[PDB]
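Reviewing the structure listed below.
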Amino acid sequence: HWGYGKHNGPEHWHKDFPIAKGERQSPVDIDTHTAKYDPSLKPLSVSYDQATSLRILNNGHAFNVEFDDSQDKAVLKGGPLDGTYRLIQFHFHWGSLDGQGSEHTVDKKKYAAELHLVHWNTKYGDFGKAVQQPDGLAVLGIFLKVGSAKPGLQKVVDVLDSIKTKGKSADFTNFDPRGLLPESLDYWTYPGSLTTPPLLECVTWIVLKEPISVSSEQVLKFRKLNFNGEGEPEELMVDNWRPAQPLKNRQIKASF
Ligand SMILES: CNC[C@@H](O)c1ccc(O)c(O)c1
Ligand SMILES: [Hg+2]
Ligand SMILES: [Zn+2]
């Protein structure tokens, strides 16, 4: 199936998922001098106080921290969004080296990693129906740079040993995603897609300008994870990012 290798990577995805070459694919390069301040943007509202994490899963491409979305708890609203979007999961994309890993880029700059907090529009009842809609999803993107450790990330880092290989999962309750946010909620926004097959064009992207810093030791543990399943030859889970895709006359708006 699809992956990130020479033979199954982003360059191959279009064969099974023709939308890979579509009109609103992600990620994209954010050209800071082309993005326009949008005064019609409402303030962004990130309400994660009542968030209920359930478990962490290695799915063979990344790891997902999943949340209970059976009622309005962790929600994203405001900014470019209309209505309420519920947090369902978060995951990261990262590199084999610090100089690469992020999916979105800023004036062609690649960060060491990128965090995606995935939310679905409550108007559509559930995630499965939301991904059939042009405004079905909102993803909050946060860049990671290597520097000081991120205290709020360590709980995730420590559990990774227990989910080394494809298909493994661990109980992961009472994790607070507020510990992953930078200070400023300044962002760029554009209409786009899921960055993994099947690459569905249902996402309002909200990409925070301010990166969070994580320690070299924290990122190193991400890189210890495996793409393969248990008892299979070791394939380190690294460089699980899609590169920047054509903007196609979409407009990136800045909140600041
Ligand atoms: C339904 N919740 C989405 C999450 O579990 C998810 C993450 C990455 C994927 O490739 C995928 O098919 C699903
Ligand atoms: Hg869609
Ligand atoms: Zn992602």
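Note that chain A is numbered according to Swiss-Prot, with residues 4-259 shown in order.
Even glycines carry a Cβ here, placed using N, Cα and C.
Per Swiss-Prot, the features are as follows:
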{"type": "SITE", "residues": "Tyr7", "note": "site 'Fine-tunes the proton-transfer properties of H-64'"}
{"type": "SITE", "residues": "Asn62", "note": "site 'Fine-tunes the proton-transfer properties of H-64'"}
{"type": "ACT_SITE", "residues": "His64", "note": "active site, proton donor/acceptor"}
{"type": "SITE", "residues": "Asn67", "note": "site 'Fine-tunes the proton-transfer properties of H-64'"}
{"type": "BINDING", "residues": "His94, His96, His119", "note": "Zn(2+) binding site"}
{"type": "MOD_RES", "residues": "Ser165", "note": "phosphoserine"}
{"type": "MOD_RES", "residues": "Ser172", "note": "phosphoserine"}
{"type": "BINDING", "residues": "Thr198, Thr199", "note": "substrate binding site"}
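Projection of Swiss-Prot feature records onto the structure.
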{"residue": "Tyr7", "record": "site 'Fine-tunes the proton-transfer properties of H-64'", "Cβ within 10 Å": "19"}
{"residue": "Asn62", "record": "site 'Fine-tunes the proton-transfer properties of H-64'", "Cβ within 10 Å": "14"}
{"residue": "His64", "record": "active site, proton donor/acceptor", "Cβ within 10 Å": "18"}
{"residue": "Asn67", "record": "site 'Fine-tunes the proton-transfer properties of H-64'", "Cβ within 10 Å": "20"}
{"residue": "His94", "record": "Zn(2+) binding site", "Cβ within 10 Å": "20"}
{"residue": "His96", "record": "Zn(2+) binding site", "Cβ within 10 Å": "26"}
{"residue": "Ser165", "record": "phosphoserine", "Cβ within 10 Å": "13"}
{"residue": "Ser172", "record": "phosphoserine", "Cβ within 10 Å": "16"}
{"residue": "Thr198", "record": "substrate binding site", "Cβ within 10 Å": "24"}
{"residue": "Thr199", "record": "substrate binding site", "Cβ within 10 Å": "21"}
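Listed in sequence order, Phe93, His94, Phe95, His96, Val142, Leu143, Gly144, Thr198 are the same-chain residues at least 6 apart in sequence whose CB falls under 8 Å from the CB of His119 (Zn(2+) binding site). A 10 Å radius around the C-alpha of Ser172 (phosphoserine) takes in these recorded positions out of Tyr7, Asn62, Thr199, in sequence order: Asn62.
Summary of the Zn(2+) site environment: with the site residues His94, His96, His119 set aside, the chain residues having Cβ atoms within 8 Å of the Cβ mean position are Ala65, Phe93, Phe95, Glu106, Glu117, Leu118, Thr198.
In terms of Cα spacing, the recorded positions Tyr7, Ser165, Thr199 that come within 10 Å of the residue listed as 'active site, proton donor/acceptor' are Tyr7, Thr199. Closeness to ligand 3 is met by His119, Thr198, these being the recorded positions among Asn62, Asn67, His119, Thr198 whose Cβ falls under 6 Å from the molecule. Distance noted between the C-alpha atoms of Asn62 (site 'Fine-tunes the proton-transfer properties of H-64') and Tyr7 (site 'Fine-tunes the proton-transfer properties of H-64') is 13 Å.
For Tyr7 (site 'Fine-tunes the proton-transfer properties of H-64'), the nearest neighbour among the listed recorded positions (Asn67, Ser165, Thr199), judged by C-alpha distance, is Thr199. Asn67 (site 'Fine-tunes the proton-transfer properties of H-64') and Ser165 (phosphoserine) have their C-alpha atoms 14 Å apart, to the nearest angstrom. In the three-state DSSP classification, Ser165 (phosphoserine) falls within a helix.
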